[PDB]
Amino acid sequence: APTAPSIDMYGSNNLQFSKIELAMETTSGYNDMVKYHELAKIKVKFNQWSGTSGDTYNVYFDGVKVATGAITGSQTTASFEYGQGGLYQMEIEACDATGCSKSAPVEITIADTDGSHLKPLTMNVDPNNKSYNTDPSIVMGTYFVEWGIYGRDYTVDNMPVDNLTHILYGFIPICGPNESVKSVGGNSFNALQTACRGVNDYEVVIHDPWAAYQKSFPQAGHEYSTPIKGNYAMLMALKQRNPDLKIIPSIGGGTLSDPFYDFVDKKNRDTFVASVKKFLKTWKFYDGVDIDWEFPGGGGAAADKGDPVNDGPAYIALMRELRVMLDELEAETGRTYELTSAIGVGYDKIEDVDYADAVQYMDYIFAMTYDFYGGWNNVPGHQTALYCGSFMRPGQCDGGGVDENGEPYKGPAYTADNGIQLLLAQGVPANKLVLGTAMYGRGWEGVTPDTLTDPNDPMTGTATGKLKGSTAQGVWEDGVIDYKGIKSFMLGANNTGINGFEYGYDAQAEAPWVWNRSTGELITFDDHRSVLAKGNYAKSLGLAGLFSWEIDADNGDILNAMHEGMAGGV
């Protein structure tokens, strides 16, 4: 006989609660911005404006009692805790000695990072991405980059998710020495310095919390009170649409690898491994961890770092220790967690790690079979060839010869096949290896006909510097261009060359190029024909499948060719 409560929606945070508490309106240290709680804190205001208020309240979710407390006036705030994410029909009843009166039910949201409170994501995928019926046992992976939401304008809902088995989310940095990040210019180092305030060295943080969880995405139905937004809420809704899709954070990458060189100290690994366990208990849509240390032994962005005696053993121990941690998570959750790593495949990268030892702890190795040549110097070559190109010298392919100064080759040439063969020869199983496809070209300028030693092959020429271009043509940094830019502005509809470019294909290497003879602009990339060759190669050798880098640069053609190559190789 009290008055039935009316819920005050706006005074109760619009009934949007969360096990994860996330700063939405500042940028500060990761530990100050993100706190995961085992029980969500719930606070619901209700009113009984007329009649008697009664003396006690009970709160029900789907008919089950979850809280009780005192009513002592016409406005009551019910505060309590609840441990399970989801949408629930809440009722609140007011009671006195004569009986109880129950509010009408209203949906309350308890957000959790597995996306249990979210409907499947609505997709907005370019229809140039076709449908395929590729065997679900074959890996078809890609990287999605956190910053792709800015100028590139490529969001989670744009991914052709039914054509993917694995999304690697790039990149998760590690706090500590990060001089390489500084060298990149822009805001990347400053963002990282902020994220690490109040964080121990060697622990992981989110690099860009605005992209990751604050940015409101209209297409995902985000509104002001949504407790998780950004890429991560979209990935959580994506897991609701595609529960078998694996989404894996990639830690490191070319510019964020500097802290890994301290993992020769076990205390640093322990700190890192513990922080990765916590990260996966916080962000539960993630299904494992990908380690992208570029590179054990050195030769990466950090010119003064690299230990060829100790980095390999440290990498193996890291993999062993991550696998131990992941087994604890598998025990705690009943889920499967994957451990993978993207690795350099030049012979001088491979020779610094016993991968046959490391891979016993891993589900997959993503072989970085790209970036073999590029704008960092003036030597053209195929950046992502399967085999040795016509432009290589006698003995250069297997490393048994000498260069044009007469200096001995130090090892086999950089090609996908040489890398894969080196890894198989160490005893890495073929069905653990995933072969990489590039969705971008690298490029030079100044490779004009007068520099060529063979007049029909621009790979025999010499450049004056990196390719220059604008972001409108897909050039986001000097010397690199999106595959979709190459297609729009160099190849054209018929794949025969536009704007002064001609197309060529080195059949021995399995590698395409476009070349503008007058500017001497030359771009090495992967196309439909080279990606079919890679699929046939993967099939022949019984590799795990294919992956690509990076998905925002594709227009559908590369991922389609990955699927086509994996169906049809003889």
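The first residue of the sequence shown is number 1, and the count goes up from there.
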item	value
518-526 set against 48-56, stretch whose average Cα temperature factor tops the other in the entry	48-56
Average Cα temperature factor in the PDB entry - higher stretch of 493-501, 118-126	493-501
Among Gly399, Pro249, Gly312, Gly346 - the residue whose C-alpha B-factor is largest in the record	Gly399
Maximum C-alpha temperature factor, selected from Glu203, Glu407, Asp292, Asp157	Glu407
Third of the chain's Cα B-factor distribution that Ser341 belongs to, per the entry	lowest
Among modelled residues of the same chain, the CA temperature factor third for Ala303	highest
CA B-factor ranking of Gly485, expressed as a third of its chain	middle
Third of chain Cα B-factors occupied by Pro512	middle
Where the record places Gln84 (Cα B-factor, split into thirds across the chain)	highest
